[PDB]
file protein.cif (mmCIF, C-alpha atoms)
data_run
loop_
_atom_site.group_PDB
_atom_site.id
_atom_site.type_symbol
_atom_site.label_atom_id
_atom_site.label_comp_id
_atom_site.auth_asym_id
_atom_site.auth_seq_id
_atom_site.Cartn_x
_atom_site.Cartn_y
_atom_site.Cartn_z
ATOM 1 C CA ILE A 1 6.052 9.319 1.665
ATOM 2 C CA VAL A 2 5.677 13.148 1.839
ATOM 3 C CA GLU A 3 6.127 14.417 5.412
ATOM 4 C CA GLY A 4 6.352 11.194 7.431
ATOM 5 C CA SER A 5 9.068 9.561 9.524
ATOM 6 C CA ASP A 6 11.378 6.563 9.445
ATOM 7 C CA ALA A 7 9.991 3.158 10.365
ATOM 8 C CA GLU A 8 11.209 0.761 13.003
ATOM 9 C CA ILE A 9 12.507 -2.748 12.848
ATOM 10 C CA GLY A 10 9.331 -4.900 12.632
ATOM 11 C CA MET A 11 6.459 -2.417 12.409
ATOM 12 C CA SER A 12 5.158 -3.434 8.928
ATOM 13 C CA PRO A 13 6.483 -6.946 8.366
ATOM 14 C CA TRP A 14 4.222 -7.222 5.326
ATOM 15 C CA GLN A 15 5.818 -4.475 3.305
ATOM 16 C CA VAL A 16 7.456 -5.758 0.155
ATOM 17 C CA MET A 17 9.490 -4.029 -2.556
ATOM 18 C CA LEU A 18 8.380 -4.518 -6.202
ATOM 19 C CA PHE A 19 11.981 -4.485 -7.475
ATOM 20 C CA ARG A 20 12.459 -5.320 -11.203
ATOM 21 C CA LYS A 21 15.614 -7.345 -11.924
ATOM 22 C CA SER A 22 17.455 -5.042 -14.441
ATOM 23 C CA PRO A 23 17.199 -2.101 -14.960
ATOM 24 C CA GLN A 24 17.934 -3.483 -11.508
ATOM 25 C CA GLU A 25 15.384 -1.286 -9.691
ATOM 26 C CA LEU A 26 12.192 -0.620 -7.651
ATOM 27 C CA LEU A 27 8.829 0.298 -9.244
ATOM 28 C CA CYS A 28 6.738 -0.185 -6.068
ATOM 29 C CA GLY A 29 5.807 -2.038 -2.909
ATOM 30 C CA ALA A 30 3.092 -4.516 -1.929
ATOM 31 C CA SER A 31 1.941 -6.586 1.076
ATOM 32 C CA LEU A 32 2.250 -10.173 2.430
ATOM 33 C CA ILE A 33 -1.254 -11.660 2.562
ATOM 34 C CA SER A 34 -0.263 -15.364 2.600
ATOM 35 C CA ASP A 35 2.610 -17.807 2.798
ATOM 36 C CA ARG A 36 3.029 -17.132 -0.798
ATOM 37 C CA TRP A 37 0.653 -14.386 -2.085
ATOM 38 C CA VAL A 38 1.311 -10.669 -2.589
ATOM 39 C CA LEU A 39 -1.131 -7.981 -3.804
ATOM 40 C CA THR A 40 -0.675 -4.523 -5.301
ATOM 41 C CA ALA A 41 -1.764 -1.631 -7.577
ATOM 42 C CA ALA A 42 -2.418 -2.697 -11.189
ATOM 43 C CA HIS A 43 -0.785 0.428 -12.552
ATOM 44 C CA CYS A 44 2.171 -1.065 -10.773
ATOM 45 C CA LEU A 45 2.206 -3.892 -13.257
ATOM 46 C CA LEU A 46 0.356 -3.001 -16.476
ATOM 47 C CA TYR A 47 0.390 0.530 -17.775
ATOM 48 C CA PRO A 48 0.056 0.887 -21.552
ATOM 49 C CA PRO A 49 0.069 4.652 -22.176
ATOM 50 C CA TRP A 50 3.614 4.438 -20.655
ATOM 51 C CA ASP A 51 4.070 0.922 -21.958
ATOM 52 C CA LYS A 52 4.458 -0.505 -18.559
ATOM 53 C CA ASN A 53 3.898 -4.093 -18.763
ATOM 54 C CA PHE A 54 5.639 -6.897 -16.881
ATOM 55 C CA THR A 55 5.566 -10.574 -16.334
ATOM 56 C CA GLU A 56 6.752 -12.859 -13.537
ATOM 57 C CA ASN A 57 10.204 -13.113 -15.049
ATOM 58 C CA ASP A 58 10.357 -9.386 -15.481
ATOM 59 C CA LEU A 59 10.237 -8.923 -11.646
ATOM 60 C CA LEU A 60 11.622 -10.196 -8.430
ATOM 61 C CA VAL A 61 10.236 -9.505 -4.923
ATOM 62 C CA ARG A 62 11.865 -8.587 -1.617
ATOM 63 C CA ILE A 63 10.889 -8.686 2.040
ATOM 64 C CA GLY A 64 12.464 -8.245 5.518
ATOM 65 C CA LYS A 65 13.178 -4.780 4.218
ATOM 66 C CA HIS A 66 14.102 -1.736 6.345
ATOM 67 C CA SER A 67 16.909 0.166 4.493
ATOM 68 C CA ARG A 68 15.867 0.941 0.913
ATOM 69 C CA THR A 69 19.518 0.933 -0.243
ATOM 70 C CA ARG A 70 21.439 -2.172 0.726
ATOM 71 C CA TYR A 71 21.240 -5.822 1.044
ATOM 72 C CA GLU A 72 19.436 -6.805 4.285
ATOM 73 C CA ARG A 73 21.737 -9.813 4.530
ATOM 74 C CA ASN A 74 19.774 -12.090 6.929
ATOM 75 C CA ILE A 75 16.475 -10.429 7.771
ATOM 76 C CA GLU A 76 15.387 -9.743 4.217
ATOM 77 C CA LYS A 77 13.581 -11.981 1.689
ATOM 78 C CA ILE A 78 13.178 -12.429 -2.081
ATOM 79 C CA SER A 79 11.454 -14.785 -4.470
ATOM 80 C CA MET A 80 9.994 -14.156 -7.922
ATOM 81 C CA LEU A 81 6.386 -14.456 -8.902
ATOM 82 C CA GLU A 82 5.068 -17.774 -10.304
ATOM 83 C CA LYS A 83 2.260 -15.745 -11.837
ATOM 84 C CA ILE A 84 1.049 -12.183 -11.642
ATOM 85 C CA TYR A 85 -2.802 -11.723 -11.563
ATOM 86 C CA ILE A 86 -4.591 -8.477 -12.407
ATOM 87 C CA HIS A 87 -8.329 -7.681 -12.211
ATOM 88 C CA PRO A 88 -10.245 -8.089 -15.525
ATOM 89 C CA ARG A 89 -12.304 -4.812 -15.132
ATOM 90 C CA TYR A 90 -9.266 -2.335 -14.521
ATOM 91 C CA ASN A 91 -9.344 1.181 -15.802
ATOM 92 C CA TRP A 92 -5.777 2.217 -16.741
ATOM 93 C CA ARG A 93 -7.755 3.940 -19.491
ATOM 94 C CA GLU A 94 -10.195 6.038 -17.457
ATOM 95 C CA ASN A 95 -9.240 6.699 -13.825
ATOM 96 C CA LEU A 96 -7.293 3.638 -12.994
ATOM 97 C CA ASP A 97 -10.004 1.659 -11.190
ATOM 98 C CA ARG A 98 -9.955 -1.718 -9.640
ATOM 99 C CA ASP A 99 -6.331 -0.678 -9.369
ATOM 100 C CA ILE A 100 -5.558 -4.137 -7.978
ATOM 101 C CA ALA A 101 -3.177 -6.950 -8.950
ATOM 102 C CA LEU A 102 -1.947 -10.028 -7.082
ATOM 103 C CA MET A 103 0.969 -12.416 -7.449
ATOM 104 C CA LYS A 104 1.199 -16.044 -6.690
ATOM 105 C CA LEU A 105 4.713 -16.114 -5.166
ATOM 106 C CA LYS A 106 6.391 -18.661 -7.526
ATOM 107 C CA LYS A 107 7.370 -20.282 -4.287
ATOM 108 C CA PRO A 108 6.455 -19.737 -0.651
ATOM 109 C CA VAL A 109 8.075 -17.496 1.985
ATOM 110 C CA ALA A 110 8.444 -18.468 5.637
ATOM 111 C CA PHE A 111 7.726 -15.575 8.050
ATOM 112 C CA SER A 112 9.725 -14.055 10.934
ATOM 113 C CA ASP A 113 10.216 -11.057 13.238
ATOM 114 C CA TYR A 114 10.936 -9.182 10.093
ATOM 115 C CA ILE A 115 8.301 -10.834 7.492
ATOM 116 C CA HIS A 116 4.683 -11.446 8.733
ATOM 117 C CA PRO A 117 1.269 -11.215 7.043
ATOM 118 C CA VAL A 118 -1.535 -8.679 6.986
ATOM 119 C CA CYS A 119 -5.187 -9.622 7.206
ATOM 120 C CA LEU A 120 -7.936 -8.503 4.963
ATOM 121 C CA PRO A 121 -11.201 -6.908 6.145
ATOM 122 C CA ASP A 122 -14.732 -8.187 6.763
ATOM 123 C CA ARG A 123 -17.663 -5.809 6.307
ATOM 124 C CA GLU A 124 -17.609 -5.674 10.135
ATOM 125 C CA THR A 125 -14.037 -4.455 10.153
ATOM 126 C CA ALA A 126 -14.342 -3.112 6.641
ATOM 127 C CA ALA A 127 -17.124 -0.973 8.325
ATOM 128 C CA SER A 128 -16.270 -0.026 11.925
ATOM 129 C CA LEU A 129 -13.043 1.508 10.645
ATOM 130 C CA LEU A 130 -13.412 2.858 6.960
ATOM 131 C CA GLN A 131 -14.819 6.231 8.179
ATOM 132 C CA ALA A 132 -14.302 10.049 7.812
ATOM 133 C CA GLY A 133 -11.497 11.174 10.148
ATOM 134 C CA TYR A 134 -10.458 7.679 11.235
ATOM 135 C CA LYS A 135 -6.754 7.639 10.426
ATOM 136 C CA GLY A 136 -4.898 4.928 8.516
ATOM 137 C CA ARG A 137 -1.132 4.479 8.062
ATOM 138 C CA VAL A 138 0.618 4.378 4.678
ATOM 139 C CA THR A 139 4.200 3.135 4.302
ATOM 140 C CA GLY A 140 7.042 2.929 1.810
ATOM 141 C CA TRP A 141 10.370 4.249 0.438
ATOM 142 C CA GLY A 142 8.788 6.547 -2.204
ATOM 143 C CA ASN A 143 9.813 10.156 -2.998
ATOM 144 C CA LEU A 144 10.255 12.522 -0.012
ATOM 145 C CA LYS A 145 8.918 15.522 -2.095
ATOM 146 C CA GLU A 146 6.834 16.083 -5.234
ATOM 147 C CA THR A 147 8.272 14.270 -8.252
ATOM 148 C CA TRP A 148 11.763 15.691 -8.120
ATOM 149 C CA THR A 149 15.227 14.092 -7.035
ATOM 150 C CA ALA A 150 18.446 14.550 -4.478
ATOM 151 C CA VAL A 151 20.589 9.898 -0.529
ATOM 152 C CA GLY A 152 18.448 12.912 0.259
ATOM 153 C CA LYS A 153 15.168 14.638 -0.676
ATOM 154 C CA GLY A 154 14.707 12.087 -3.402
ATOM 155 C CA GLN A 155 14.274 9.003 -1.754
ATOM 156 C CA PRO A 156 14.866 7.787 1.777
ATOM 157 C CA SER A 157 17.552 5.646 3.309
ATOM 158 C CA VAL A 158 14.802 3.776 5.127
ATOM 159 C CA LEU A 159 11.054 2.990 5.151
ATOM 160 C CA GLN A 160 8.543 5.779 5.528
ATOM 161 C CA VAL A 161 5.455 5.847 7.732
ATOM 162 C CA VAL A 162 2.607 8.387 7.622
ATOM 163 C CA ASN A 163 -0.921 8.105 9.177
ATOM 164 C CA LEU A 164 -3.799 9.915 7.555
ATOM 165 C CA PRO A 165 -7.523 10.444 8.146
ATOM 166 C CA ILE A 166 -10.297 9.369 5.681
ATOM 167 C CA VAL A 167 -11.984 12.053 3.624
ATOM 168 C CA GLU A 168 -15.692 12.802 3.609
ATOM 169 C CA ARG A 169 -16.560 11.207 0.238
ATOM 170 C CA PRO A 170 -18.175 14.477 -0.937
ATOM 171 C CA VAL A 171 -14.989 16.546 -0.385
ATOM 172 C CA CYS A 172 -13.060 13.785 -2.153
ATOM 173 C CA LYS A 173 -14.955 14.363 -5.425
ATOM 174 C CA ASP A 174 -13.923 17.989 -5.121
ATOM 175 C CA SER A 175 -10.180 17.670 -4.855
ATOM 176 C CA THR A 176 -9.924 16.010 -8.253
ATOM 177 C CA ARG A 177 -11.806 16.232 -11.478
ATOM 178 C CA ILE A 178 -11.374 12.496 -12.159
ATOM 179 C CA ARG A 179 -14.486 10.359 -12.178
ATOM 180 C CA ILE A 180 -14.002 8.715 -8.803
ATOM 181 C CA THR A 181 -15.866 5.462 -8.118
ATOM 182 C CA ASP A 182 -17.341 3.996 -4.929
ATOM 183 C CA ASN A 183 -14.387 1.575 -5.181
ATOM 184 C CA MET A 184 -11.574 4.035 -4.440
ATOM 185 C CA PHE A 185 -11.139 5.971 -1.142
ATOM 186 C CA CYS A 186 -9.199 9.149 -0.262
ATOM 187 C CA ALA A 187 -6.770 9.723 2.612
ATOM 188 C CA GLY A 188 -5.048 12.868 3.955
ATOM 189 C CA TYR A 189 -5.457 15.997 6.046
ATOM 190 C CA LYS A 190 -7.172 19.180 4.890
ATOM 191 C CA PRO A 191 -5.724 22.466 3.748
ATOM 192 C CA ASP A 192 -6.937 24.001 6.919
ATOM 193 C CA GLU A 193 -6.034 21.035 9.133
ATOM 194 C CA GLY A 194 -2.684 22.673 9.583
ATOM 195 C CA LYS A 195 -0.640 19.457 9.347
ATOM 196 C CA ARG A 196 0.753 17.672 6.286
ATOM 197 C CA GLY A 197 1.922 14.331 4.949
ATOM 198 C CA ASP A 198 1.107 12.123 1.942
ATOM 199 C CA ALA A 199 2.333 9.293 -0.300
ATOM 200 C CA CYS A 200 4.508 9.787 -3.269
ATOM 201 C CA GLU A 201 6.481 8.238 -6.134
ATOM 202 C CA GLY A 202 7.176 4.512 -5.802
ATOM 203 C CA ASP A 203 4.909 4.523 -2.742
ATOM 204 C CA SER A 204 2.317 3.081 -5.105
ATOM 205 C CA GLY A 205 1.155 -0.540 -4.582
ATOM 206 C CA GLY A 206 2.193 0.203 -0.985
ATOM 207 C CA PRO A 207 -0.344 -0.578 1.748
ATOM 208 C CA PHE A 208 -3.125 1.198 3.603
ATOM 209 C CA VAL A 209 -3.350 -0.956 6.732
ATOM 210 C CA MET A 210 -5.276 0.432 9.711
ATOM 211 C CA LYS A 211 -5.673 -1.130 13.199
ATOM 212 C CA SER A 212 -8.940 -2.510 14.526
ATOM 213 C CA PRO A 213 -9.326 -1.728 18.243
ATOM 214 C CA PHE A 214 -11.461 -4.890 18.582
ATOM 215 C CA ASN A 215 -8.760 -7.537 18.022
ATOM 216 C CA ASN A 216 -5.510 -5.372 17.932
ATOM 217 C CA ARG A 217 -4.833 -6.676 14.408
ATOM 218 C CA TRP A 218 -3.750 -4.846 11.271
ATOM 219 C CA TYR A 219 -6.195 -4.665 8.456
ATOM 220 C CA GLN A 220 -5.161 -3.739 4.967
ATOM 221 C CA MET A 221 -7.935 -1.288 4.369
ATOM 222 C CA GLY A 222 -6.224 0.239 1.267
ATOM 223 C CA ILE A 223 -3.774 -0.073 -1.676
ATOM 224 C CA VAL A 224 -1.969 3.048 -3.046
ATOM 225 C CA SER A 225 -3.130 4.058 -6.518
ATOM 226 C CA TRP A 226 -2.934 7.741 -7.397
ATOM 227 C CA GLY A 227 -2.651 11.450 -6.700
ATOM 228 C CA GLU A 228 -2.217 14.640 -8.674
ATOM 229 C CA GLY A 229 1.236 15.289 -7.231
ATOM 230 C CA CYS A 230 2.465 15.158 -3.518
ATOM 231 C CA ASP A 231 1.123 17.013 -0.552
ATOM 232 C CA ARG A 232 -0.929 19.693 -2.264
ATOM 233 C CA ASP A 233 -2.886 21.967 0.122
ATOM 234 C CA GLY A 234 -6.147 20.898 -1.664
ATOM 235 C CA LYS A 235 -5.973 17.241 -2.450
ATOM 236 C CA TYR A 236 -6.055 13.816 -1.061
ATOM 237 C CA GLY A 237 -4.485 10.557 -2.208
ATOM 238 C CA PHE A 238 -6.874 7.923 -3.603
ATOM 239 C CA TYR A 239 -6.596 4.293 -2.506
ATOM 240 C CA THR A 240 -8.252 1.073 -3.553
ATOM 241 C CA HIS A 241 -11.221 -0.420 -1.691
ATOM 242 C CA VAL A 242 -9.425 -3.629 -0.719
ATOM 243 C CA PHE A 243 -12.772 -4.948 0.633
ATOM 244 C CA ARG A 244 -15.087 -3.891 -2.184
ATOM 245 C CA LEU A 245 -12.809 -6.035 -4.432
ATOM 246 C CA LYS A 246 -12.202 -8.621 -1.638
ATOM 247 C CA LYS A 247 -14.603 -10.665 -3.657
ATOM 248 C CA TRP A 248 -12.267 -11.183 -6.583
ATOM 249 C CA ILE A 249 -9.232 -11.391 -4.352
ATOM 250 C CA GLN A 250 -10.657 -14.642 -3.065
ATOM 251 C CA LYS A 251 -11.495 -16.402 -6.415
ATOM 252 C CA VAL A 252 -7.955 -16.299 -7.832
ATOM 253 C CA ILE A 253 -6.498 -17.592 -4.585
ATOM 254 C CA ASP A 254 -8.985 -20.406 -4.457
ATOM 255 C CA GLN A 255 -8.505 -21.160 -8.129
ATOM 256 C CA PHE A 256 -4.773 -21.068 -8.561
ATOM 257 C CA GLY A 257 -3.130 -21.652 -5.129
ATOM 258 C CA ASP B 1 -1.537 -14.757 13.260
ATOM 259 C CA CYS B 2 -1.877 -12.150 10.576
ATOM 260 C CA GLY B 3 -2.287 -8.467 11.424
ATOM 261 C CA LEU B 4 -0.040 -9.310 14.418
ATOM 262 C CA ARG B 5 3.387 -7.821 14.079
ATOM 263 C CA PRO B 6 5.740 -10.201 15.925
ATOM 264 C CA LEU B 7 7.888 -7.336 17.337
ATOM 265 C CA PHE B 8 5.122 -5.459 19.080
ATOM 266 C CA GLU B 9 1.623 -6.847 19.518
ATOM 267 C CA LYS B 10 3.054 -10.326 19.554
ATOM 268 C CA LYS B 11 4.793 -9.235 22.798
ATOM 269 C CA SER B 12 2.808 -6.083 23.556
ATOM 270 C CA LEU B 13 5.513 -3.476 22.220
ATOM 271 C CA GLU B 14 3.715 -0.198 21.068
ATOM 272 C CA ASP B 15 5.085 1.548 17.929
ATOM 273 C CA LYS B 16 5.667 5.183 18.780
ATOM 274 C CA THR B 17 3.113 6.571 16.181
ATOM 275 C CA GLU B 18 0.299 3.909 16.664
ATOM 276 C CA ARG B 19 -1.164 5.449 19.850
ATOM 277 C CA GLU B 20 -1.964 8.441 17.594
ATOM 278 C CA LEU B 21 -4.068 6.082 15.542
ATOM 279 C CA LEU B 22 -6.517 5.280 18.347
ATOM 280 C CA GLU B 23 -7.382 8.878 19.207
ATOM 281 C CA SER B 24 -9.325 9.209 15.973
ATOM 282 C CA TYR B 25 -11.650 6.270 16.421
ATOM 283 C CA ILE B 26 -12.573 7.667 19.896
ATOM 284 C CA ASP B 27 -11.354 11.267 19.189
ATOM 285 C CA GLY B 28 -9.025 12.585 21.884
ATOM 286 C CA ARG B 29 -10.126 15.731 23.827
ATOM 287 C CA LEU C 1 -1.907 7.420 -13.308
ATOM 288 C CA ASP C 2 0.041 6.654 -10.172
ATOM 289 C CA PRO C 3 0.796 9.501 -7.753
ATOM 290 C CA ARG C 4 3.633 12.338 -9.924
ATOM 291 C CA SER C 5 1.389 13.230 -12.945
ATOM 292 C CA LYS C 6 -0.543 12.311 -18.427
ATOM 293 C CA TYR C 7 2.957 12.610 -19.395
ATOM 294 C CA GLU C 8 5.520 10.056 -18.142
ATOM 295 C CA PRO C 9 7.780 10.343 -15.045
ATOM 296 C CA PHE C 10 11.026 12.150 -14.167
#
call {"tool": "encode", "arguments": {"input": "protein.cif", "output": "structure tokens"}}
result
Amino acid sequence: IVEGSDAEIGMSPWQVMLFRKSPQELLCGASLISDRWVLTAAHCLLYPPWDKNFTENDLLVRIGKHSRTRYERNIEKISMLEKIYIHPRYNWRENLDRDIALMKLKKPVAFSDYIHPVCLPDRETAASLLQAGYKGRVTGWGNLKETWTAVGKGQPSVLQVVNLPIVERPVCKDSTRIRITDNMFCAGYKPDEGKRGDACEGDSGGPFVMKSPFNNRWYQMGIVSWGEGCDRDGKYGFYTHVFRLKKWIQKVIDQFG
Amino acid sequence: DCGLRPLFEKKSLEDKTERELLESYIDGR
Amino acid sequence: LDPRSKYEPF
């Protein structure tokens, strides 16, 4: 999270760390959308051109998570996938589309003050909210500055929060040069806007949950996918249309859990 | 129960950067 | 291509 601030105990109880066992480490984050189901970027699980490619066994998942360092002794969680599930029309090849993947928590987690689910949109909500200028908040433990490295300026101690506006679809196609599909959306203030923040390295898979003024709920409007850097006056992150693909999302849940 | 953070909503606490969220849907001043 | 990119990470 480029230009953001440190979280607070309980403010995103659905943020999970995609921590591989050994090289004991963290590739990303995801979100709690069931008793036992977690969803994320696909790039976060299957990237060939960098021969990224994991399996249940490969990874282990953690929850209850505030400090990105330690061992959250009795507020944190962890279980390993029972099965990972990607989306059979994903473009790691072209622009990384349908950048979505889900994982049937090998076993089920029981929620608390520190672990609690996120709800998925409905065209209604998918549509009152997914609009130019209406901010959304992105979290994680990702890289405080463009791909570089420092318990400082590299990565945070604790969980990073940023809230960003949606970008007029036109303007979005003119930050990049990548063939952007009606399935991806862009966040982040303008050059001129005079304020900055963004999502960075290992922020990926990390959520784009917004809050619906109708029912005071938190709706995972997005899923972190890409950028051409970190906090460029001139570009906007690109997130996944969690609702466009809400279709699929359903099928695998209702067919394997 | 989803979307309802049990350390705020679930007992009407308001996270210090959430109010900033609202003033975009109804645009401040 | 994830967000720091083409070429692989640092």
call {"tool": "closest_residue", "arguments": {"input": "protein.cif", "among": "A:14, A:256, A:50, A:90", "to": "residue 113 in chain A", "atoms": "all atoms listed in the file"}}
result
A:14
call {"tool": "atom_distance", "arguments": {"input": "protein.cif", "atom1": "CA of residue 67 in chain A", "atom2": "CA of residue 22 in chain A"}}
result
19.6 Å
call {"tool": "closest_atom_pairs", "arguments": {"input": "protein.cif", "of": "range 136-214 of chain A", "to": "range 5-9 of chain C", "cutoff": "12 Å", "atoms": "only C-alpha atoms", "output": "Markdown table"}}
result
| residue | atom | partner | partner_atom | distance |
| --- | --- | --- | --- | --- |
| A:146 | CA | C:5 | CA | 9.9 |
| A:147 | CA | C:9 | CA | 7.9 |
| A:148 | CA | C:9 | CA | 9.6 |
| A:149 | CA | C:9 | CA | 11.6 |
| A:200 | CA | C:5 | CA | 10.7 |
| A:201 | CA | C:9 | CA | 9.2 |
| A:202 | CA | C:9 | CA | 10.9 |
call {"tool": "interface_residues", "arguments": {"input": "protein.cif", "of": "chain C", "to": "chain A", "cutoff": "7 Å", "atoms": "all atoms listed in the file", "output": "ChimeraX atom specification"}}
result
/C:1-5,8,10
call {"tool": "resolve_selection", "arguments": {"input": "protein.cif", "expression": "the PyMOL selection byres ((chain A) within 8 of (chain B))", "output": "list in words"}}
result
residues 8, 9, 10, 11, 12, 13, 112, 113, 114, 116, 117, 118, 119, 129, 133, 134, 135, 136, 163, 211, 213, 216, 217, 218 and 219 of chain A
call {"tool": "atom_distance", "arguments": {"input": "protein.cif", "atom1": "CA of residue 83 in chain A", "atom2": "CA of residue 250 in chain A"}}
result
15.7 Å
